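Working notes, structure below.
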Amino acid sequence: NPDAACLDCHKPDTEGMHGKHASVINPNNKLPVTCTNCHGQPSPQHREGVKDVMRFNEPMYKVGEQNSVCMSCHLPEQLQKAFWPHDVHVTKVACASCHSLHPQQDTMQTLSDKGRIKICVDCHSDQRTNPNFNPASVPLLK
Ligand code: HEC
Ligand code: HEC
Ligand code: HEC
Ligand code: HEC
Ligand code: HEC
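In PDB author numbering, the protein residues as written are 19 to 160.
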C-alpha cells in the first residue's frame, strides 16, 4: 500500500522493487520494506528535480549521504563477514556502483571468483585513466 503512491507515476516494473528487497522485512518496524525506506519522501517540488528523495549512483548526493541510508538497516560488522572489501568502500564509493537492487537479481550475488576480482581492476583502472571519475556515480559495471 505505501508504495502505491509512488507507483502512481513511476513504472511498476523497472521502478518497482523486484530484487531481494521486494520480499524482506524492515528490521526497524517489522513491516515490509517500502520505497521511502531507501528514498525518503517527495516534496511538493518533486517533479522539478530537487533534493527531496535520495538518488543512488547519481551525482546529486555525496557517497556518504547515499551509503548512510543503507546503514539505517545494514550492519557494517556483518558486511565484513560477507565480503571483506565492504569497509574500505563504505565512505569511498556508492554502494550502488556495484549492487543493482531493482532488477530481479543483483549481479554481485552471482559473480564468478574471477569476476569478483575483475570488478576491482575495472574500477580502480578507470580511476587512473578517467578524468571525469566520480565515486558518487559510476556507470562502469552497469
Ligand atoms: C508524480 C505525481 C510522482 C509521484 C507521486 C512520485 N514521483 Fe518520483 N519522480 C517523478 C518525476 C517527474 C521525477 C523526475 C524528476 C527529475 O529529477 O527531473 C521523479 C524522480 C524520482 C526519483 C529520481 C530518479 C532518478 O533519476 O534516480 C526517485 C528516486 C523518485 N522519484 C522516487 C519516488 C518515491 C520514493 C515516491 C513515493 C514516496 C515518488 N517518487 C512519487 C514523479 C513522481
Ligand atoms: C531496510 C529498510 C533496508 C534498507 C534501507 C536497505 N536494506 Fe538491504 N536488505 C534488507 C534486508 C532485510 C535484506 C535481507 C537479508 C536476508 O535476511 O537475507 C537485505 C538484503 C540486501 C542485499 C542482498 C540482496 C540479494 O540479492 O541477495 C544487498 C546486496 C543489500 N541488501 C544491499 C543494500 C543496499 C546497497 C542498500 C542501500 C542502497 C540497502 N540494502 C538498504 C534491508 C534493507
Ligand atoms: C563492489 C566493490 C561492492 C561494493 C562497492 C559494495 N558491495 Fe556489497 N557485496 C559485494 C559482493 C561481490 C557481495 C557478494 C559476496 C558474496 O557472498 O558472494 C556483496 C554482498 C553484500 C550483501 C549481502 C551479504 C550477505 O549476508 O549475503 C549486502 C547486504 C551488501 N553487500 C551491502 C552493501 C552495502 C550497504 C554497500 C555500501 C556501503 C555495499 N554492499 C557496497 C560487492 C560490493
Ligand atoms: C533499497 C532497498 C530500495 C528500495 C526499497 C527502493 N529503491 Fe529505488 N533505488 C535503489 C537503488 C540502489 C537504485 C539505483 C538502481 C538500482 O536498481 O540499484 C534505485 C533507483 C531508483 C530509481 C531511478 C533508477 C531508474 O529506474 O533509472 C527510481 C525512480 C526509484 N528507485 C524508485 C523507487 C520506487 C518507486 C520504489 C518503491 C517501489 C523504490 N525505488 C524502492 C534503492 C531502493
Ligand atoms: C568503483 C565501482 C570501485 C570498485 C569496483 C572497487 N573499488 Fe576500491 N575504491 C574505490 C574508490 C573510489 C577508492 C578510493 C580511491 C582509491 O582508489 O584508493 C577505493 C579504495 C580502495 C582501497 C583503499 C583502502 C584504504 O587505503 O583505506 C582498497 C583496499 C580497495 N579499494 C580495494 C578494492 C577491492 C578489493 C575491490 C574489489 C573486490 C575494489 N576495491 C573495487 C572504488 C571502487
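Note that beta-carbon positions come from the ideal geometry of N, C-alpha and C, so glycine has one too.
Excluding residues up to 5 positions away in sequence, 115 lie with their Cβ nearer than 6 Å to the Cβ of residue 156 in the same chain.
With a cut-off of 8 Å on Cβ pairs, the segment 119 to 137 is not in contact with the segment 82 to 97, counting fewer than three such pairs. In the structure shown, residue 45 adopts coil according to DSSP, grouped into three states.
The beta carbon of residue 153 is closer than 8 Å to those of 81, 110, 111, 112 and 115 in its chain, skipping five residues each way along the sequence. The beta carbons of residue 91 and residue 121 sit no closer together than 8 Å. With respect to the 8 Å criterion, residue 135 and residue 159 are not classified as neighbours on the basis of their beta carbons.
Taking each of 104, 76 and 58 in turn and checking the Cα distance to residue 70, the smallest one comes out for 58.
Between residue 51 and residue 72, the CB-CB gap reaches or exceeds 8 Å.
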